[PDB]
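Same chain, two forms, each on its own as structure tokens: structure 1, then structure 2.
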Structure 1
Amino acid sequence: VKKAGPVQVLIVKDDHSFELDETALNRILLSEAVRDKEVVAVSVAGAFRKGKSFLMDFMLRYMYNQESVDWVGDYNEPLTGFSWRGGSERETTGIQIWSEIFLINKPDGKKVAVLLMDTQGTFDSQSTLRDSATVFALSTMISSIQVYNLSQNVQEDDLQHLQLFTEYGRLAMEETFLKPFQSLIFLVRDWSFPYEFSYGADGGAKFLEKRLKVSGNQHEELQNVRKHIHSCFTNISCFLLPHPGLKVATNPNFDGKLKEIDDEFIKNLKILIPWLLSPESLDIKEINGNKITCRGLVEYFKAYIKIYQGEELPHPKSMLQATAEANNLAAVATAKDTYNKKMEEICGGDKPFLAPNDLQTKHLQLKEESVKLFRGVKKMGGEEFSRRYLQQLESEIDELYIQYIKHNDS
């Protein structure tokens, strides 16, 4: 009673709560016509306004029209037909699936159910990071190709976010000799240095090599991005997509003829889409080595959500917070150290059991000297932030002093 279209299946409300739409999820992947078929699950995932819907709009044009030279459409007429682009576009965090599941014939002769999802999150604060990261983990767990839609390059935060949500994924799942996830494509959206690396998969491949080999190693432990990434996915690639031109770029709801999109962009879109979605390359989802059915998929999805709802996912700590904290603990540690070294320098060892009166005055002297030491030193927090650490130093020195009176009363 309604055309085919995009439907919200997972959303994160202001409550920071994850709202799963069971009946919507059921009505779509528990249709008898599909419920028992092996499912290929393709996901485009990224921040808001990164061009995902536009890309998936062409994906639909292909999925609906397996015919030569039309799948892209008529060079002289606008884009038309089914669309993920809804108009009054709210920024939201979650997953949309295309309501129409496609049945497609493989080279083997299998009839697979092809599932298309949009995976979206916002990254504007350490609070929304947690939510996006768990929405991206769920997406990647439930999909067989995760096309990670990035904008100009692969920035440090892009990789950090990728590790963080694969990390979240690993938590909710039991470890095996197999890799936790299948495919991952770094899709770079507005590549503008073709003279360095080419538009496309050849060129992308090369670029991702250089990027991953830097950092290089990070972050601090020997958990460097390349190893981490490669140990999570079975296949990793990267496509370099050109800029679509100013009309597409500055026009929300673009609606001009195909001809007004940049020619190099259409040309590469023409190879990218089938590169991902052609019957040959279509790739059946599997978990623990076993191919999944649309129904199987639904049960894992409900299941995975259950787990994350039960236990708490680690809250991310920002770089600025982390490095400030560290800078202050070092001040704290330096000052404690100096206090301690001098306290045994003075009072052993038992040395001369000292009048609790005399030991105390040596303690106050030394505490003051190391508290004075604790200020004067450059610290990132700002006074209000470092005050807490100053308490820390006093709290700890006192405790380190209580031990020193025992050793003395001997």
Structure 2
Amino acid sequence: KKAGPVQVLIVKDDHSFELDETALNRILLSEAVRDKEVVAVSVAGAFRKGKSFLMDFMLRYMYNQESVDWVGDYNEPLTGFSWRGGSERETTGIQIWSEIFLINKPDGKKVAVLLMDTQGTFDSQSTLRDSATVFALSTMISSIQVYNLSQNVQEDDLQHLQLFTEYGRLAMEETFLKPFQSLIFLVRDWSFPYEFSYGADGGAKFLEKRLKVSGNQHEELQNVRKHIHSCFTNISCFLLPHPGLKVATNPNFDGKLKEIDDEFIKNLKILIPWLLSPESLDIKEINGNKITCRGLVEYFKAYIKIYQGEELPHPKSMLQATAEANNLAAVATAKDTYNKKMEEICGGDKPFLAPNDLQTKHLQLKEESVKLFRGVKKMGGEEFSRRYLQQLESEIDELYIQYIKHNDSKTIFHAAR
């Protein structure tokens, strides 16, 4: 048929995930490609940043690799994966190109090349779990992940990457090898060529400075960086110029090269082959073993099941995760404080205490623990704390009841007039 985009991972309105297995099998399990070792290319990152648009230039290269003018006719619209302006997301879930490219590597290996376009993270219809699942799955599956960013590499960008890739790691078999392979920090609309040049060399210098870990660097800064180094075998950076305001703002813009700034085009022609030339095609490795298209379908199915289940922790926002953490820790301290004090009163090495006195002491101790809990400043504040405080009181009462039984076993009664 006509080659086209195929929706492979579907994100439902209830935030669940479906894999189109029939469609996936039709593409990767064909007699022509199934036994071929696979190269998987993905682009991922914040929504509305020209991921699909870039991927469509990648397509022109994959088809027209032989011509020096692979970049295309200057009056020809850009087609393939769906891309457009407007502030609302276009690409959802994960889609792959229906035509698998067969390329000869400089070592004589004929390999299969798969292209993946992904739903941008942090759009306004998505839970953090949605964004994390999409990003993770694309990372786990691709051998080359193009991490698409706007203008700069900010600390929050590194943190998002850490979280999303951590979510991918959780769903994977444990290994001594790094989980993933090639990672590319593609910086769109890089504005400072006078400081770091456009392209890969300026990019590399820019990334080495930004990902640098040093002795006097605060641990929080060190850790997010070390995490990224530990995840990927090869990490690079490419600085791309702004493509011009027509591309950005013009509702009629169709993707014709005649409308794009020449400096952008010059760098794009460097970028794509740098990604996709035969010598650059990273064959997918899982657990240090090269994977075929057939094998990739089997891992895709297995990973998706894990994300469909409930074994993994839910990805959470900073506020939500910190508030929970603050409350859980405070409950533990408060309860433990109660336990220690009751031990001094009716531990096994302590005498029988009259039940009315034991009750008075318990009410006092419980109250001290509640005040202790109330007094700790936590995010989410008191409202968020409510179920935790009630949990604290409910758990202290369970302990008290256990203590009542211990104390009663020492009961002394003397009859006296």
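All residue numbers here follow the sequence of structure 1, with the first residue given the number 1. Between two forms, the rigid core is defined as the largest C-alpha subset superposing within 1.5 Å.
- For the residue set 201, 236, 305, 79, core-aligned C-alpha shifts between structures 1 and 2 reach 2 angstroms or more at a single site, 79.
- Annotation: Cα of residue 17 displaced by less than 2 Å between structures 1 and 2, core superposition.
- Relative to the superposed core, residue 316 undergoes a C-alpha shift of no less than 2 Å between structures 1 and 2.
- Core-superposed comparison between structures 1 and 2: the Cα of residue 89 travels 2 Å or more.
- We note a C-alpha movement of 8.5 Å at residue 389 between structures 1 and 2, with the rigid core held in register.
- The shift recorded for the CA atom of residue 249 between structures 1 and 2 is 1.3 Å, with superposition on the rigid core.
- Core-aligned Cα shift between structures 1 and 2 at residue 30: this is 0.5 Å.
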